[PDB]
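Below: the structure, in structure tokens.
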Ligand SMILES: Cc1cc(CCCCCCCOc2ccc(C3=NCCO3)cc2)on1
Ligand SMILES: Cc1cc(CCCCCCCOc2ccc(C3=NCCO3)cc2)on1
Ligand SMILES: *C(=O)CCCCCCCCCCCCC
Ligand SMILES: *C(=O)CCCCCCCCCCCCC
């Protein structure tokens, strides 16, 4: 049941893709550490909540 | 001899099916932790111990 | 209904979801969830209290934020008996959970204790 | 199969259930179940309101007592329900409203009691009045609401020409309207004969010369309950048993929304 | 088809037949019919005795009277049957015995009588005692035989420390054992509500932590009958009707034959 | 000085709404307390700065640009449904980001009219009517 | 998938089927759902009974005993240099009541030991870290008379040597009953009085008691020789049933426990006062 | 790949497209890049928002409480032989403000316990190592009146037995809210005053408070019997949200917190003095 | 291994 | 195993 993923390597030693391994030991998912591989989204629901979203090169008001 | 099962995930991180791993270390099953994957049954032997079990839309007494 | 077989009567039993004035009159109780029970050969009547709540789970303790509402009972007509019959009788009540019922967060009960 | 019967019924509408272990089958008036206004019979063009479970449910009216001198009781619909929860509100906020009804009359007694109630559903139940004055019964008096009205064994003419009561004077054997009661059976009806049944159940369609009308101005159906055979028990000269009327609006729809109608009932 | 009913039953075991025209269906405890010990659950190696028709038949116990002050009656099994014909003999000549039971409780009255009996089948019905002394109820007092015992409305502590009665003190609303009676319905049961039924019928499996045990040392089932609603009739303050308990052993088998056990019941 | 003490009647002005204030006047009368809100404008009436209220759904009525503002609100809650009598889901706050002015008349006054429509309204738990005490 | 049943969309009814009416005299509970008596919508149900499974209900370490043992200079009057506890879930009330919702049970048992100590007297110097011995003595085995006699050699009895300060000691035990399931209730006796008996003491037993020693005892001692100053210690025993199975439900204990049997003495008034027509 | 967008090479413009002009009255923020108003080169962007992800922003154990508990001789006046804490992120300000950037939240919660102790008085001899019990008591469960009464038997409540000197205790908790998300803000009441009410106390509630006990309490005690000399201890509780999700952003708290609600009292002047045309 |  |  081991889980294997690539690390995003910052400073590289003078030695390519490096991995790490994770194994959940407990039944309850609450017991689990954080995966920290978190996806992102559009600010649009906050930055542009408009019914008619307009293109930036055209007049905001028309 | 490792045992691998899915966890019923409650609160999900912003990252699908997650597993956990179990290995018994001892010969005596008494030494074992609880699997907690427990099946359920009908209350009927307690709620309806009748020789002639009747359908709820029909008269209980007839 | 544990009365004599010669006894008749119609009863209204009701459930009012929380938030308003607790019913003092059949007139008010009629307006909520209710069953009009007619006494007869089928001795017993069942009123189901449907899960109607705001929160997904209520507390087992008393709390206005997770309150369940009000149950009440009234005479729809009245108990009518013939002569040479008892004019007064007992009613017994029973409660149980419908199959959609569940509980969570295990805890120790206030219903048992022990002194030093 | 299994054990089913004409005598044992369950009615469920909205959050309300009625049971009866002693019914005499049930009646659908004129063989027509209640229905909504069809697109090809429609007349107000505006989108209707259909409140459904909040108005189409069982409202129980104030209980009346049946005794040896009881001559009969009457109600008008929708008037009996004008103050019943959200049905009443919908009725008064709109110019137009149509509704069908399940009427359930309740009267139990005992194997040793005696008596028979004629329960009648009358389309356009126009009633006769007080006076020398024709068509003079006032709106407030024509509409008693939940309380209903009563019948009388004979015609007592309201004599006080100076301050007239402007009331109905419904005489029992004349069905309160100039005809003979014996013929009221051509109307949708049931009989509560106490040796036979606890209750009466009549399902009423919307009946009118129009697809929809003003519920505040006009009653569609009249409910008349008369003792076809008088109440009696053992030898006790002063017997008294309750009669409870429970009514449910059915397929209710409303048109013409605006500010609320507040009728003057004084 | 034909005309059959939940209310009309015939039970036949051995040379004995019970009829009832007013039953409330019948109960099989825990959904398990009585059965014999299987080869793969067997523990005593010696060939069992199965007397069949001579022991598995209906023994009727002494009738008790139900009156307005009656608080409840109880019996233990196999103890109630220890002196019943060849069942009793088989029970006492053997070290081991197992048996299931059909219990039939009988109480008829009239359409004008009133009252309700809670009939309960309890596995391991341990009862509470007399004293400050714990677990002190004597064998002779714990086992009344056919005669059974009774409940009380309250706890009267046996005070005489010098010569103690060593009896149970079963309080009714506590089911005689420290719990509330309202919850005794989690046990296999039936109710004799006199407007509904004459009798109660419960079929009991052999219930134990072992496939077989000593019937003389240990009771498997307790029968508790309590008036859930008190007896009443017309206006007569001193009404009294009979309650008759008839019990049949079922699938009875016995192991460990030797000389007869003669318990001291004095 | 009393925390979480605003009374139901005062928390709920109905159609009439409430107002903001330029500063915090503490209700001093400990014997008969008003149990009212004291909404300070630059703090959005709630302990934060008004300049940041733009992270909320909003529009601006700048009079040289527009007559009106139109915001469509979804039902927002930690539950699919709740008690409307006990709990408000949304608050509408209107503040003058730039003060009204006209020609040189020091006492100018123009109307603000709020028109609101409920949308996709559904109701559960029918019974007798709730009559809150608003006095 | 362990979720409860979805609620079905249910409409109006005008029929000869009457689910609201029934007869509880039969012994059965009416199988009704809200859709049988009220108009219901469709709900897709996600709730689950996961936490009320028999295992989950008992999956918690309960305090069943407090054993006190001293380490001090062996004098000649009664002392606690070693102690013995009869293994039982009954010196405590909480777990006892949970187990008593059922007549019979079968399970493996986990024992966890929390050991605490302190100085008794203001000061005679101090003490070095103590090692505790917890010896199981099954019925039949020799019981110690002295804190350091031959029985403590423990050649065949199981023993734990606990070092103070280490994580709490933990062991597991099999289902060790003489029957096919543990009897939480025994309506009967271990002896029968016979008419032919000499005294009538011979056939006298305790009602509802089975074997005299049930599961034997735990003998606790401090293995260290005594310091000048006295150290008192307490061993708290936590018991957890695991791999649990139960049979025949019972009403919960409603009044206070009065010893090992179903006996009650007082506070037989569990219920409060409440007016019939008072919400 | 989680890097931000590359900057595009952008040249001179002479056009009817005017990205620099807009109207903030609309409610929207102008989506502009440097290439829309200035000549830009091509940059291959390697920077990333990895550390500002909701999880990464809260992935840190915050101090939410300091529980003080004593172990000394049980006298008869008010003492700290056991203590109780209402579970909340609100006795502390730091994590509270981070959580309050959002209206609603959903997460699992990690509790870490750092336990420290010291001697109170100059000297009455010393103490042996202490074991601490941390019992969770969910709303409804019996609360202790005494440091060693029956509630501490903890048969169904979860409890930690911490040994002093061991690494800090750590447990995880599920999303335990009654709603589908935790409400960091509740504009409303738990009770409504009705015209038909007897007193007008009956319908009075605290504004913005929901359930009376919210998540229950933690009861802390020293399991050891008391030494001659007194030992005082403090349990510091560290709280970390994990597997976090959040809804509806809010302005951060700009003035000092005044209790559990949005109430302010003073220091309502967050901003400094700076001249309009002063850099 | 055993994957369930 | 599960390689992502
Ligand atoms: C009655 C009843 C009793 C029970 C629980 C039975 C549990 C029986 C366990 C018997 C053995 O217990 C032991 C406890 C501790 C040790 C031990 N060995 C080394 C030190 O601790 C060994 C056995 O359920 N119903
Ligand atoms: C308001 C609000 C509150 C929150 C945080 C909620 C966290 C709720 C956790 C409830 C349970 O907390 C426990 C803490 C400790 C223990 C514990 N068990 C053994 C000893 O410690 C158990 C539960 O977010 N919003
Ligand atoms: C999938 O996990 C199969 C491979 C397991 C490799 C050995 C893992 C050793 C750690 C097991 C931990 C068990 C914890 C309960
Ligand atoms: C099945 O278990 C084969 C795979 C084992 C993987 C390595 C396990 C490491 C732990 C072994 C524990 C031994 C305990 C006695």
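Every residue, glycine among them, receives a Cβ derived from its backbone with ideal geometry; neighbour counts consider all protein chains shown. Coordinate-derived values only; no laboratory data.
Among the residues of the range G:95-116 satisfying the criterion of being within 8 Å of chain H (Cβ to nearest Cβ) and under 13 Å from the mean Cα position of the chain (by Cα), which is nearest to ligand 1 (Cβ to nearest atom)?
Looking at residues that are within 8 Å of chain H (Cβ to nearest Cβ) and under 13 Å from the mean Cα position of the chain (by Cα), I get G:95.
Among residues belonging to the range B:19-54 that are closer than 23 Å to residue H:174 by Cβ and in contact with a strand residue (DSSP E or B) (Cβ under 7 Å, 6 or more places away or on another chain), point out the one that is farthest from ligand 4 (Cβ to nearest atom).
Result: B:34.
Could you check, for the range E:149-166, whether at least one of its residues is touching a helix residue (DSSP H, G or I) at 6+ places or on another chain (Cβ under 6 Å), buried (at least 20 other Cβ atoms within 10 Å of the Cβ) and more than 12 Å from chain G (Cβ to nearest Cβ)?
yes
Let me spell it out: the conditions are (1) touching a strand residue (DSSP E or B) at 6+ places or on another chain (Cβ under 7 Å); (2) crowded, with 23+ Cβ neighbours inside 10 Å; (3) within 10 Å of chain G (Cβ to nearest Cβ), and residue E:203 meets all of them except one. Which number is the exception?
Going through (1) touching a strand residue (DSSP E or B) at 6+ places or on another chain (Cβ under 7 Å); (2) crowded, with 23+ Cβ neighbours inside 10 Å; (3) within 10 Å of chain G (Cβ to nearest Cβ) one by one, residue E:203 breaks only (3).
Scanning the range H:117-145 for residues that are more than 8 Å from every other protein chain (Cβ to nearest Cβ) and out of contact with any strand residue (DSSP E or B) (no Cβ under 7 Å at 6 or more places or on another chain), which turns out nearest to ligand 3 (Cβ to nearest atom)?
H:145
List the number of the failed condition for residue C:104; all other conditions in (1) farther than 30 Å from residue C:8 by Cβ; (2) more than 7 Å from chain G (Cβ to nearest Cβ) hold.
Residue C:104 satisfies all of (1) farther than 30 Å from residue C:8 by Cβ; (2) more than 7 Å from chain G (Cβ to nearest Cβ) except (2).
Return yes or no: is residue B:45 assigned to a helix (DSSP H, G or I), surrounded by 12 or more Cβ atoms within 10 Å (Cβ to Cβ) and away from ligand 2 (no atom under 16 Å from the Cβ)?
Criteria met by residue B:45.
Which one of H:78, H:83 is over 30 Å from residue G:229 (Cα atoms) and out of contact with any strand residue (DSSP E or B) (no Cβ under 9 Å at 6 or more places or on another chain)?
H:78
Within the range C:67-78, which residues are surrounded by 20 or more Cβ atoms within 10 Å (Cβ to Cβ) and more than 12 Å from chain G (Cβ to nearest Cβ)?
Within the range C:67-78, C:76, C:77 meet the criteria.
Where in the range G:1-97 are the strands (runs of 3 or more DSSP E), entirely inside, with at least 2 residues that are under 30 Å from residue G:111 (Cβ atoms)?
The strands (runs of 3 or more DSSP E) meeting that bar are G:62-71, G:82-86.
Does residue B:58 satisfy the condition of being within 16 Å of ligand 3 (Cβ to nearest atom), surrounded by 14 or more Cβ atoms within 10 Å (Cβ to Cβ) and assigned to a loop (DSSP other than H, G, I, E, B)?
So residue B:58 fails the test.
Please find, within the range E:211-260, the residue that is surrounded by the fewest Cβ atoms within 10 Å (Cβ to Cβ) out of those that are assigned to a loop (DSSP other than H, G, I, E, B) and facing another protein chain (nearest Cβ under 7 Å).
Per the stated criteria, the residue is E:234.
If I filter the range G:68-79 down to residues being within 20 Å of residue G:217 (Cα to Cα) and within 13 Å of chain H (Cβ to nearest Cβ), which single residue comes out as farthest from ligand 1 (Cβ to nearest atom)?
G:70
I'm trying to understand the selection: among the residues of the range H:210-240, which are in a strand (DSSP E or B) and either closer than 20 Å to residue H:154 by Cα or within 16 Å of ligand 3 (Cβ to nearest atom) (or both)?
H:217, H:218, H:219, H:220, H:221, H:222, H:235, listed by residue number.
For the range C:65-72, state whether one or more residues are outside any helix (DSSP H, G or I), within 26 Å of residue E:191 (Cβ to Cβ) and in contact with a strand residue (DSSP E or B) (Cβ under 8 Å, 6 or more places away or on another chain).
yes
Can you tell me which condition residue A:8 does not meet? The list is (1) more than 16 Å from ligand 2 (Cβ to nearest atom); (2) in contact with a strand residue (DSSP E or B) (Cβ under 9 Å, 6 or more places away or on another chain); (3) not in a loop (DSSP other than H, G, I, E, B), and all the others hold.
(3)
Step by step: first the residues of the range D:106-136, then only those that are in a strand (DSSP E or B) and closer than 17 Å to residue D:79 by Cα, then the one that is farthest from the chain's Cα centre (by Cα). Which residue is that?
D:123
Pairs, please: C-beta under 6 Å, at least 6 apart or cross-chain, first residue at the interface with another protein chain (Cβ under 7 Å from one of its Cβ atoms) and in the range B:2-16, second part of a loop (DSSP other than H, G, I, E, B) and within 16 Å of ligand 2 (Cβ to nearest atom)?
As it stands, the answer is B:10/H:174; B:10/H:175; B:11/H:175, since those pairs meet every condition given.
For the range E:63-105, which positions are outside any strand (DSSP E or B), over 22 Å from residue E:194 (Cβ atoms) and touching a helix residue (DSSP H, G or I) at 6+ places or on another chain (Cβ under 8 Å)?
Hits for the range E:63-105 are E:78, E:79, E:80, E:81, E:82, E:83, E:84, E:85, E:86, E:87, E:88, E:91.
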